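Heads up, the thing below is written out as structure tokens.
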Amino acid sequence: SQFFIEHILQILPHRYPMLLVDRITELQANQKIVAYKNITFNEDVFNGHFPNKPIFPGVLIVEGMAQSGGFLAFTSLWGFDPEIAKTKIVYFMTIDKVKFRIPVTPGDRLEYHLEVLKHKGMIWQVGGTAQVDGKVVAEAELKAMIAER
Amino acid sequence: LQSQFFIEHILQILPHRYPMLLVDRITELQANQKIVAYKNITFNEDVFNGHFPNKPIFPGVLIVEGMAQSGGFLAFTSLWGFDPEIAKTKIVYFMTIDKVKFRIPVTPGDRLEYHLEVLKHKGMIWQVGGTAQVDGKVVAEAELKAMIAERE
Amino acid sequence: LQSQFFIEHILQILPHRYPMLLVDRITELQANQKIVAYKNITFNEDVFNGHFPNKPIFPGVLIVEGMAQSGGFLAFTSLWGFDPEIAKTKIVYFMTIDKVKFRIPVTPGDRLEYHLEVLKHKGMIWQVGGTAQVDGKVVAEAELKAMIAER
Amino acid sequence: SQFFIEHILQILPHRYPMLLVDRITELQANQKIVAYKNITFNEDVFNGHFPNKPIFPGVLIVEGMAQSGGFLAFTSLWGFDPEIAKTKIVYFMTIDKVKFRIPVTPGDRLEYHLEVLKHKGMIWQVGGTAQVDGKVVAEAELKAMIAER
Amino acid sequence: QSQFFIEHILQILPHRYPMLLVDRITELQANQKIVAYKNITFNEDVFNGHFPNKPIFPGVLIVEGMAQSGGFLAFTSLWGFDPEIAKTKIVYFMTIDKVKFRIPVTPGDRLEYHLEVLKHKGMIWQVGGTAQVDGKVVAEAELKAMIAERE
Amino acid sequence: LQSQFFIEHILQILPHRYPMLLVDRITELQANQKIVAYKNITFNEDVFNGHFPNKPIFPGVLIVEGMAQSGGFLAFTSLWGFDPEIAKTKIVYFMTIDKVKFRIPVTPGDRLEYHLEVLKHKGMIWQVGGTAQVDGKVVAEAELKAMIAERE
Ligand SMILES: CC(C)(C)c1ccc(C(=O)N/N=C/c2cc(Br)c(O)c(Br)c2O)cc1
Ligand SMILES: CC(C)(C)c1ccc(C(=O)N/N=C/c2cc(Br)c(O)c(Br)c2O)cc1
Ligand SMILES: [Cl-]
Ligand SMILES: [Cl-]
Ligand SMILES: [Cl-]
Ligand SMILES: [Cl-]
Ligand SMILES: [Cl-]
Ligand SMILES: [Cl-]
């Protein structure tokens, strides 16, 4: 269930500054994942969002949830397989029911909670929340398709 | 009351700065009704170092972000017009995002055009929806409700 | 050989990478004769943090760089066609620049179009010249000579 | 005693990408300070330290400890006074007895524990450790000087 | 009056990171010539893309560094070290001519700009000179600029 | 075997990369003994955006990092000679740092010269010591122990 940055880098194609998942704490095939990304002032994004008021972009919180969800889907089908990971692309088709409740700032441990709402073939629907210190800071539902890279 | 604004005017209204100011120019603006704007996409952008190596694709979420900033400009200017002084005291926040669909990937060389329409507005609360287009084709769709709050 | 290439093709031919690959797409290519290409200008470019604060202006020298990169792409595809393997066994370097004029400032939102024609070419030495345009208006002119070399 | 990034910004002169303290959890004038910095893969430093193997630079761990000490120094001297702070900068004078025991990586919450060893005027000597999940990842002593910009 | 460091340069030139390419002024004779330089280090972003595994300071940036040196010369010739007046002026570079690159510039080099006033007629300044590394000429260039009121 | 190495040679030995490769050239090298190298300091470096705004000062800790990297180059070449294929899978870990003292601020325009001497080495563990200099003056002094290791 625990995957670190090294493991993550072998499954996801994302690299700096768009790999928004630092560690995976829980993974239940075909069911759910709990992962997180540490938020620190030392991130380029804060230079512009916003000057004198660092706030992690809501859309990037969603991106982080999507990446966690994609990791879940890929792993549920193929497990930890770097080889096969390079032959697949997990792109997102839709995003819906997104709600932002609390602003995420430097010092926050942005935890992603996604579960498989539904899946058929290579189409997977995940949903859940983003949490900081046990509180729900955002929620969203996403639908992704898995295909040959 | 103007319909065209360039980056210098955008900078005076939106608080966003590099690397999160995703609107380069506004070509159409109709108070309380709609806005048409765009962001040029070029390889010379840091995001492409990671999305993805050897396969530059503009992140769908940033397409949405650009749509929101456009809506936000529309919301503000609809209420106060081009007023930099007051703009510095307000900030627009994403409350919700719905019905997002990504149809075509956006890549360097593309002119990402935002088309937002006002679906409903009451005071500081604005609901907009629209599409992101490239050479006339819809590459993305989205609806979102924003909030015009105090910067402090 | 084709007449249009996208960023994916340009990455396979030019050795330039971020933040110095200043050509996004190729629209017209006529071997040993001319090329029309362009680079989109956006505020979301690091260059603008320093050129200048509160007033984004695409550096004139980078417009020339862009023209040079277009020239280099023409030069190489003229001699080897679309060949990624041979391409990576090369680099191109500026030898001279002349008659450059900066008529109109280039800013975010602009589609910087490069128009180059081969003035002269002999082996790895190419002499190109032309203009940089925005919405059909000349914003800059320049002549440059470059060379493709081994590694 | 609970300071956030915007408070830290008003005291320390450091800015991106050299501001390495995200939050202050404990503060006791002329005694000690406990703070932390989140470590995420989304930090430019990791592009070069090292490729395919992200390790937060040991020297930056020390820098983060120094900044923590600096904040303790500024406040111990003038309390939380953004106006006086804005005129100053901080200079490293000495560094000694530093030992790194465990590598810090993306996903880690790097906590700084510094106490005052000695001080006089603008010159402050502090020492302590850097910890992750309650375990000491580094030790250090350092002397710094606050000066007029 | 002769030696200006980075603090001073920052107060006269509007350029900022990543486009301020002059680190220190070592010699300045009002209305005559300027000698200044920029250190080249591998720890510069441009090297990420110019070129991977082969760091080479872009030729166009050498010309930019020369342009900046000329601008500081022109400005200081007219008003001396005056940060306040500096904030209200701009120097548009109109043309670049006869540039030639003889030796590549790389990390570890101390790129020295040697500019001299070729002509000054009104708001127009024509400067020229060379860029040198360890006493050897690595580049040559002529440039014409216009002094104007900021806005 | 050689005594002078340029940035291309440094890239083939040290694992560090942008923005953490802080050695531009090697001017002297005596196996298992000493090394003299330097890094040019320029305003055009990202660290200066934050250390400090309007007052560029090369971070003291990065000076130490530069000395360590100098020692590392010395350590590796003393072990396997100039062997890029072997160096390709090694990394360097800081173990300790002692008696570091900063005497003069390093600023843009400075040629930061590292002078390291081997105080003791055994296997992968090198205990190196020396100074950093600008125009013949001691700008800093430090003692450090680093360990060369294989990427696992
Ligand atoms: C949802 C839609 C239609 C806009 C879409 C479709 C495809 C893609 C896509 O191609 N994503 N990733 C593609 C990709 C990534 C890497 Br890495 C790669 O080596 C290759 Br070939 C890819 O096609 C993204 C969005
Ligand atoms: C942002 C602001 C107002 C400082 C600004 C705006 C435009 C420009 C510009 O288009 N060109 N040049 C500015 C400039 C000023 C001096 Br004094 C100088 O030595 C050089 Br060379 C310049 O390029 C420069 C600065
Ligand atoms: Cl947001
Ligand atoms: Cl995407
Ligand atoms: Cl320019
Ligand atoms: Cl380390
Ligand atoms: Cl060049
Ligand atoms: Cl320091």
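Every heavy atom of this structure was used, including side-chain atoms; hydrogens, water molecules and symmetry mates were not. In what follows, every chain begins at residue 1, and chains take the letters A, B, ... in the order their sequences are listed.
In this structure the side chain of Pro14(E) never reaches within 4.5 angstrom of the side chain of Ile90(E), judged on heavy atoms. Side-chain contact between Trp125(E) and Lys119(E): absent, with no pair of heavy atoms (C-beta onward) separated by less than 4.5 Å. A 4.5 Å side-chain heavy-atom check between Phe51(E) and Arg17(C) finds every atom pair outside the cut-off. A heavy-atom distance below 4.5 Å is not found between the side chains of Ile40(E) and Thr106(E). Using a 4.5 Å heavy-atom threshold, the side chains of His51(C) and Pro56(C) count as separate. No side-chain heavy atom of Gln32(E) sits under 4.5 Å from any side-chain heavy atom of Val117(E).
Counting all heavy atoms, side chain and backbone alike, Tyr114(B) lies closest to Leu22(B) at OH-O, 2.9 Å. Between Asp44(A) and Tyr18(B), the shortest heavy-atom distance links the atoms OD2-CE2, 4.3 Å. Considering every non-hydrogen atom in both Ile12(E) and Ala86(E), the closest pair reads O-CB, 3.7 Å. Scanning both residues, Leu112(B) and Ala132(B), for their nearest heavy atoms gives CD1-CB, 3.9 Å. For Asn31(E) against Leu73(E), the heavy-atom pair with the smallest separation is N-CD1, 4.4 Å. Contact detail for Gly71(E) and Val91(E): the closest heavy-atom pair is CA-CG2, 4.4 Å.
Salt bridge annotation for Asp97(E)-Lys144(E): absent, with no cationic side-chain nitrogen under 4.0 angstrom from a carboxylate oxygen. Electrostatic pairing of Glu28(C) and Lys34(C) counts as a salt bridge here, judged by a charged N lying under 4.0 Å from a carboxylate O. A salt bridge does not link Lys137(C) to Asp135(C): none of the charged nitrogens lies less than 4.0 Å from a carboxylate oxygen. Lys90(C) and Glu150(C) are joined by a salt bridge, as a carboxylate oxygen and a charged side-chain nitrogen come within less than 4.0 angstrom of each other.
In the model, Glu112(E) has a side-chain atom that pairs as donor or acceptor with a side-chain atom of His114(E) under 3.5 Å. Judged by distance alone, the side chains of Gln68(E) and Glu64(E) do bring a donor and an acceptor atom under 3.5 Å apart.
Distance CZ/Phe94(C) to NZ/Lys100(E): 14.5 Å, rounded to 0.5 Å. Expressed to the nearest 0.5 Å, how far CG of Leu116(C) lies from CD of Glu143(C) amounts to 10.5 Å. Atom NE2 of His16(C) sits about 12.0 Å away from atom CZ of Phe43(B), to the nearest 0.5 Å. Rounded to the nearest 0.5 angstrom, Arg25(B) CZ and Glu8(B) CD are separated by 8.5 Å. The CZ atom of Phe4(E) lies 5.5 Å from the CG atom of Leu28(E); values are rounded to the nearest 0.5 Å. To the nearest 0.5 Å, the span separating CD1 on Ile35(C) from CE on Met67(C) amounts to 11.5 Å.
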(request) Apply side chain to side chain contact (heavy atoms under 4.5 Å, CB included) to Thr96(C) and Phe101(E), showing your working. (result) CA-CA 6 Å; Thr96(C) 68; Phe101(E) 300 103; over 6 Å; no

(request) Start with the C-alpha gap between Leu119(C) and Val128(C), add the side-chain angles, then the distance that decides, and say whether side chain to side chain contact (heavy atoms under 4.5 Å, CB included) holds. (result) CA-CA 5 Å; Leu119(C) 293 180; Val128(C) 299; 5.7 Å; no

(request) Applying side chain to side chain contact (heavy atoms under 4.5 Å, CB included), run through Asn43(E) and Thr41(E) and close with a yes or a no. (result) CA-CA 5 Å; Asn43(E) 200 44; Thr41(E) 183; 4.0 Å; yes

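Cation-pi geometry between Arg111(C) and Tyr38(C) is met: the NZ or CZ atom falls under 6.0 Å from the ring centre, inside 45° of the normal.
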